[PDB]
């Protein structure tokens, strides 16, 4: 398994999925599957595309990727017409939280509640607001404790200083 299984969609075109052997995007195997509207449906598609793996849940990727050559159902031509989309990671087996890199002087934090079951977006906001409050930057975050298809009870994240001993601490991503 040289790549993480995941699916990417763009309504109007056939779904794409990560080729776990080489690491490139391929198009829907049957040339018939279009964008999906529910988390339950996305999870099924993941399982249909990766029959050899035990897909047990799904979660949005933290950052968009650029995919080219989207095919259209019916059309012969898959025009290299780039699109920036947020893939869905097909999580496999027993759930384990993402390992996150903690750059020096940054802090690893996490929040959870046994009685809340929210989305990836909600947890992303929590993490962002928590770092923002302390006047810092959100460098990375991951979900914790799944409670449903693409639903979690918490978030683990990394907050970073605007600068260390005078020098600004930067990074680039997601837009």
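Numbering follows the first chain given and starts at 1.
- Segment of higher mean CA temperature factor, 5 to 13 or 152 to 160: According to the entry, 5 to 13 carries the higher average C-alpha B-factor.
- Task: Mind pulling up the entry and telling me whether 143 to 151 or 22 to 30 has the higher mean Cα temperature factor?
- Result: Taking the mean C-alpha B-factor of 143 to 151 and of 22 to 30, the larger value falls to 22 to 30.
- Item | Which of 62, 135, 57, 119 ranks first by CA B-factor in the deposited coordinates | Most elevated C-alpha B-factor of the set, per the entry: 135.
- Task: Quick one: which of 50, 123, 70, 108 shows the highest Cα temperature factor in the PDB entry?
- Result: Across 50, 123, 70, 108, the entry lists the biggest C-alpha B-factor for 70.
- Query: Based on the entry's values, in what third of the chain does the Cα temperature factor of residue 102 lie: lowest, middle or highest?
  - Reply: For residue 102, whose C-alpha B-factor we compare with every modelled residue in the chain, the answer is the lowest third.
- Query: Which third of the chain does residue 40 land in by C-alpha B-factor: lowest, middle or highest?
  - Reply: Residue 40: CA B-factor falls in the highest third of its chain.
- Message: Could you place residue 78 in the lowest, middle or highest third of its chain by Cα temperature factor, using the values in the record?
- Response: Within its chain, residue 78 is a highest-third residue by C-alpha B-factor, going by the deposited values.
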